[PDB]
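Contents: one structure, followed by commentary.
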Amino acid sequence: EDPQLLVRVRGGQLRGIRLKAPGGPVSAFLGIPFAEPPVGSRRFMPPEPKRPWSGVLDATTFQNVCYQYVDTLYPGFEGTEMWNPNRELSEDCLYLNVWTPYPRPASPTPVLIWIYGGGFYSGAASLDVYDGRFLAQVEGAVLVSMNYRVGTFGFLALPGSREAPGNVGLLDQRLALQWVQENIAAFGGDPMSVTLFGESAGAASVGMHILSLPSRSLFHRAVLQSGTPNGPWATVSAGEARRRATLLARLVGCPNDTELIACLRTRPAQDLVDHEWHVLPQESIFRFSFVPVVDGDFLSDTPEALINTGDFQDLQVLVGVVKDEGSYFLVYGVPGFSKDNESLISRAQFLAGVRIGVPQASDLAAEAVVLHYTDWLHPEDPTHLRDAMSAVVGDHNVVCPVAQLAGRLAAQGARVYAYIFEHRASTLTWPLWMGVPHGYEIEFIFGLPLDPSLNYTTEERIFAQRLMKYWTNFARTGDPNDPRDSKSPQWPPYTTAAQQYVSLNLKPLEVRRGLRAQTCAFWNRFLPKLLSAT
Amino acid sequence: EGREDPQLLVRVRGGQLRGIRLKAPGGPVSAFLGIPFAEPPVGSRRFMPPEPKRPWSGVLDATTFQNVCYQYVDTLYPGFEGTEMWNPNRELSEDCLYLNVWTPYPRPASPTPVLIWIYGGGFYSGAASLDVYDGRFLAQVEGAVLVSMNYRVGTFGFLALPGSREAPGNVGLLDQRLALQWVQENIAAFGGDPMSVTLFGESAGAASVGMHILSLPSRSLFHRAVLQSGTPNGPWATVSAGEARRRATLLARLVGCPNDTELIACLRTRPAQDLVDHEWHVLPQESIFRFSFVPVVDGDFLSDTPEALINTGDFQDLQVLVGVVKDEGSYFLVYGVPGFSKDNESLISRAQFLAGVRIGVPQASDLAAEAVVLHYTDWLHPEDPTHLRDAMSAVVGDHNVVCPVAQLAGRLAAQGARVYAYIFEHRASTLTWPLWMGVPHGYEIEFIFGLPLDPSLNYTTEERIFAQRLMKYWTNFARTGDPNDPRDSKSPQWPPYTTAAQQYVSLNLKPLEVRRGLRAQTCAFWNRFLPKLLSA
Ligand SMILES: C[N+](C)(C)CCCCCCCCCC[n+]1c(-c2ccccc2)c2cc(N)ccc2c2ccc(N)cc21
Ligand SMILES: C[N+](C)(C)CCCCCCCCCC[n+]1c(-c2ccccc2)c2cc(N)ccc2c2ccc(N)cc21
Ligand SMILES: *[C@@H]1O[C@H](CO[C@@H]2O[C@@H](C)[C@@H](O)[C@@H](O)[C@@H]2O)[C@@H](O)[C@H](O)[C@H]1NC(C)=O
Ligand SMILES: *[C@@H]1O[C@H](CO)[C@@H](O)[C@H](O)[C@H]1NC(C)=O
Ligand SMILES: *[C@@H]1O[C@H](CO)[C@@H](O)[C@H](O)[C@H]1NC(C)=O
Ligand SMILES: [Cl-]
Ligand SMILES: [Cl-]
């Protein structure tokens with residue numbers, strides 16, 4: 001045995017495993033259950049806390065991945081496989097993971113809680129890019145990551161019903177957060193300093209915890225990477241959720257809510273996943289079938305209303321985007337795009353792409369988008385049109401929604417820091433035209449380049465160390481700047497006045513002003529006004 | 001005759017004329033001023049098409065400028081050179097259809113290309129006798145034969161009751177056309193080549209030139225054209241027959257008048273000054289860069305809207321030179337946008353900006369106005385007074401001149417014409433308007449005409465060299481349809497404007513510089529998006 005790998009939490013004893021990190025050992029407690037398996041009659045229902053266990057629970061291996069659709073667009077392709085489940089799929093998946101320095105910290109250490117992305121229909125805390133050993137070893141951080149239900153299992157809703165209230169996947173995350181308040185101290189973590197961070201749907205999830213009162217007492221700071229609670233894809237109305245739920249029911253042979261849900265519960269998991277994608281209202285990209293719902297409960301109102309009228313006085317937030325938020329999504333549905341060629345498109349393909357990229361847009365609105373992104377000096381140039389289609393998708397779904405959030409949070413009392421990540425991993429396997437795709441800053445924040453066997457450049461390894469510092473400094477103090485180091489340059493807070501943000505790349509920090517200011521004014525101020533009349 | 005300068009006696013279709021020998025910096029020039037080309041359009045001729053001037057007896061004296069067409073006189077800034085320089089400099093009268101001719105002295109031995117100037121003034125003012133349109137420099141230095149004509153403005157030249165016989169509209173344009181025919185028939189007597197006539201004009205004059213390009217009967221009277229800061233298409237150069245009818249009958253009511261015959265007959269009994277006194281009271285909304293009586297789409301002179309005509313016209317054998325000045329809109333702001341004055345910096349608030357936009361784009365809906373505001377707002381400093389002031393200027397300039405010009409250059413180029421484009425960026429050292437206005441509408445004219453060559457005018461030496469360059473460009477273009485000088489490979493060339501490369505040059509003290517895209521993004525907003533917003 002080894003007293004450093006043995007811990008006692010409210011539900012019982014656990015035994016972790018000593019793991020090897022480039023510069024030393026780390027303690028890892030993997031696959032800890034935080035809820036009763038949400039199986040059988042518990043499908044679609046809120047999670048219940050895990051009942052106490054006897055003996056020493058083995059926490060040396062990752063638990064199962066929540067049941068979800070598996071990507072098959074590019075079989076054998078590293079670029080896609082790296083996001084696919086790396087453990088058995090099962091509805092019994094509510095487990096979390098903890099990494100801590102070895103030996104366990106002498107004094108309470110700030111805690112970082114990761115919430116993965118995957119459009120609310122996929123993902124898992126066991127993926128290699130979320131490996132928390134690096135942050136634990138190098139920065140002495142206590143890192144936690146939980147699995148939460150996705151797809152229909154976590155978000156199918158029949159608003160108002162008792163058996164399928166919606167947002168249970170968000171409640172899974174919340175329960176994991178409560179578990180941290182109650183047990184993290186046993187691992188040397190400071191429950192009084194918990195920072196949530198996540199990417200994409202994970203970022204939107206973090207945003208939702210910021211906007212839901214019951215979550216606010218479970219964390220202190222937040223980081224949203226390439227994702228927000230507001231925006232066109234992160235939420236749906238109660239009406240739209242009901243529509244999709246009943247439509248999915250129909251597609252699988254079911255059928256009063258109770259009856260419908262009861263029948264949905266008798267169906268095999270893969271049956272539900274098989275039809276998940278057939279409930280989307282129009283042909284589109286960056287749209288997901290089962291996502292959080294404005295239930296008037298977890299979310300008292302739309303994220304839009306909540307961020308416009310919220311008081312964020314004592315909150316510190318770090319937000320940012322990658323250089324090419326939209327490239328990735330284009331190959332999943334826009335005619336003319338592929339990872340295998342340059343994807344130089346025609347102007348016609350561009351107008352077609354926009355209708356798919358902004359599925360909710362009227363013809364006039366679509367026209368405005370086209371006229372705004374067309375480069376009138378080279379209106380027919382294939383390369384510009386291709387890069388413009390990427391920008392439309394990235395701006396509409398991430399950048400502008402992020403600019404919007406940064407602005408409201410800053411205007412309403414929060415301390416905000418913003419960035420744009422611009423370094424493309426030397427090991428990226430997607431084509432060059434995609435630039436720095438959605439999700440590729442993660443491996444750097446988690447510190448993977450510090451693993452010699454991964455073949456990153458020496459520069460990349462120094463870069464990752466910088467980023468890890470920023471994130472952990474932010475977790476420690478609510479300020480990413482190094483408290484002691486007297487000449488940086490400094491990363492200034494983001495404000496509505498100066499709108500300052502920094503570029504994260506191999507070069508030293510560079511301060512810039514206005515995050516796609518003109519273009520986001522188009523998306524955030526004009527387009528809305530357009531559709532509410534037309 | 002007997003003792004007179006034999007070089008100043010000339011005969012034209014209507015009779016004998018005696019000109020005057022004038023002095024130009026580098027030598028003498030011949031000037032024939034105040035030649036009548038039409039019967040005085042007075043009394044029962046008011047509002048009617050011009051009739052050719054009947055022959056006269058004896059030697060008509062053509063040594064001084066004739067009357068200025070009856071028009072509104074600006075008094076916004078009494079005593080101010082900036083405004084006075086455009087005011088009438090001869091007696092006002094409805095008897096005003098006269099033209100002027102400048103030629104080298106002695107008159108050219110072989111046929112010389114002819115340049116015909118058509119003045120601007122929003123179709124409500126102007127005169128060919130203003131100092132900035134003095135043709136002596138172009139005649140003396142480039143050996144050009146320059147002609148300029150007065151044409152009726154305001155109600156006298158554009159009030160129309162479409163379909164009627166007594167006030168068909170566009171008579172001011174017909175006055176111009178009659179002067180062009182007069183040139184075809186008589187310019188040879190002065191040594192001008194009737195087979196090489198280039199029309200050039202600025203603002204309403206440029207719009208006029210554009211309308212001659214779009215009206216078949218005028219096409220046989222000229223060969224090349226220059227449009228400076230103006231176009232026949234755009235929001236101010238024309239009105240629909242319905243709108244002209246409305247304005248004319250409203251003006252009729254305002255002066256006590258009331259069937260078209262009755263109305264027009266009553267209008268003809270009214271004193272000229274009474275018509276001018278109510279001219280401005282017929283505009284549909286509060287606005288700037290909008291004029292009461294302008295060319296009407298009558299389905300005659302203009303068979304269709306200038307927009308339709310430039311989109312479907314064949315401009316195969318046409319060479320055109322077009323351009324704008326650096327700050328087309330500044331000037332207009334002081335005539336109606338609250339917060340703007342020539343006497344202070346005109347730093348404005350964001351609220352004043354939104355209000356200025358409603359006045360500057362008077363025909364825009366609330367949604368359209370918001371679109372303009374959102375497009376011109378600098379979101380990094382949305383409240384900065386200086387940027388707002390400069391943005392208000394840009395809105396007015398782009399909507400009324402720059403984008404309409406870009407639209408025109410594009411259609412002409414795509415449809416067979418040879419087009420050359422420029423942006424004039426030099427501010428006269430002698431300008432009396434405040435610095436914030438930059439290079440205002442109309443201030444490139446004194447340079448094209450060569451005034452800086454006159455020592456007494458106090459222009460800098462560089463300005464004088466600049467003027468000489470411009471005169472060369474314009475006359476080269478008039479001679480060959482190409483502004484470039486064949487005997488000179490050093491000076492960078494001025495490339496034609498094409499839909500593909502969209503090249504145009506900057507005209508300033510520096511040597512020519514080629515640029516691409518004339519306000520391409522912003523004009524796409526005005527020319528492609530705003531309209532579509534309108535179709536809903
Ligand atoms: C009116 N009505 C609803 C009847 C028809 C209207 C068409 C709207 C649906 C389009 C959804 C966007 C394409 C996504 N899309 C589809 C799909 C869904 C419906 C139609 C065509 C394709 C897909 C389908 C299956 N079975 C399995 C995997 C995938 C898939 C996987 C990943 C991903 N990112 C997108 C995907
Ligand atoms: C529907 N209803 C008729 C009841 C109201 C609509 C009237 C709005 C018209 C505003 C015209 C823009 C200001 C021009 N504007 C006006 C004027 C016209 C109407 C109302 C207020 C001012 C002016 C007035 C007089 N008497 C004499 C000279 C000038 C003037 C002179 C030069 C210039 N460039 C512009 C000028
Ligand atoms: C600039 O001027 C605008 C127009 O006001 C006129 O000019 C000023 C200088 C005074 O002489 C006044 O009597 C005139 O009516 C003003 O509306 C504007 O506020 C002025 N700008 C500022 C803020 O100084
Ligand atoms: C790229 O491949 C896609 C599908 O494989 C195809 O539709 C498109 O035309 C190709 N583009 C190029 C660069 O040829
Ligand atoms: C030109 O300058 C002279 C010398 O100062 C002055 O007497 C004259 O009035 C000026 N004339 C002009 C055009 O301003
Ligand atoms: Cl005016
Ligand atoms: Cl006025």
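Lettering and numbering for the structure tokens are positional, with chains as A, B, ... in the shown order, residues counted from 1 in each chain, and ligands counted from 1 in the shown order.
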
Next on the checklist: Near chain B, meaning an atom within 9 Å, which residues of chain A appear when counting only C-alpha atoms? Write them as a list in words.
Outcome noted: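 So the contacting residues turn out to be residues 364, 367, 368, 371, 372, 374, 375, 376, 377, 378, 497, 498, 499, 513, 514, 517, 518, 521, 522, 525, 526, 529, 530, 533 and 534 of chain A.
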
Exercise for the section: Please identify every polymer residue within 8 Å of ligand 3, using only C-alpha atoms and all ligand atoms, and present the set as a list in words. Expected result: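 Residues lying within 8 Å of ligand 3: residues 338, 339, 340, 341, 342, 343, 344, 345, 346, 347 and 348 of chain B.
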
For residue 29 in chain A, the closest of A:239, A:101, A:169, A:336 counting only C-alpha atoms is A:101

Measuring between only C-alpha atoms and all ligand atoms, which one of B:496, B:122, B:169, B:14 shows the shortest distance to ligand 6?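 Among the listed residues, B:122 lies closest to ligand 6.
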
As a check of understanding: the span from CA of residue 43 in chain A to CA of residue 91 in chain A is 8.3 Å

Residues near residue 26 in chain B, anyone? I mean within 12 Å using only C-alpha atoms, not counting same-chain ones fewer than 4 positions away, as a PDB file with C-alpha atoms, in the first residue's frame.
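As written to disk, around.pdb reads:
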```pdb
ATOM      1  CA  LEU B  22      -7.444  89.006 -73.242  1.00  0.00           C
ATOM      2  CA  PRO B 104      -5.570  80.777 -78.727  1.00  0.00           C
ATOM      3  CA  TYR B 105      -4.432  84.144 -80.094  1.00  0.00           C
ATOM      4  CA  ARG B 136      -8.043  81.727 -70.791  1.00  0.00           C
ATOM      5  CA  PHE B 137      -5.410  79.473 -69.187  1.00  0.00           C
ATOM      6  CA  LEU B 138      -6.462  76.276 -70.961  1.00  0.00           C
ATOM      7  CA  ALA B 139      -6.645  78.225 -74.256  1.00  0.00           C
ATOM      8  CA  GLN B 140      -3.248  79.945 -73.853  1.00  0.00           C
ATOM      9  CA  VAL B 141      -1.228  77.099 -72.329  1.00  0.00           C
ATOM     10  CA  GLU B 142      -2.724  74.066 -74.084  1.00  0.00           C
ATOM     11  CA  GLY B 143      -3.966  75.823 -77.232  1.00  0.00           C
ATOM     12  CA  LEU B 453      -0.894  80.081 -63.158  1.00  0.00           C
ATOM     13  CA  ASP B 454      -1.992  83.637 -62.410  1.00  0.00           C
ATOM     14  CA  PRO B 455       0.741  85.161 -60.145  1.00  0.00           C
TER      15      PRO B 455
END
```
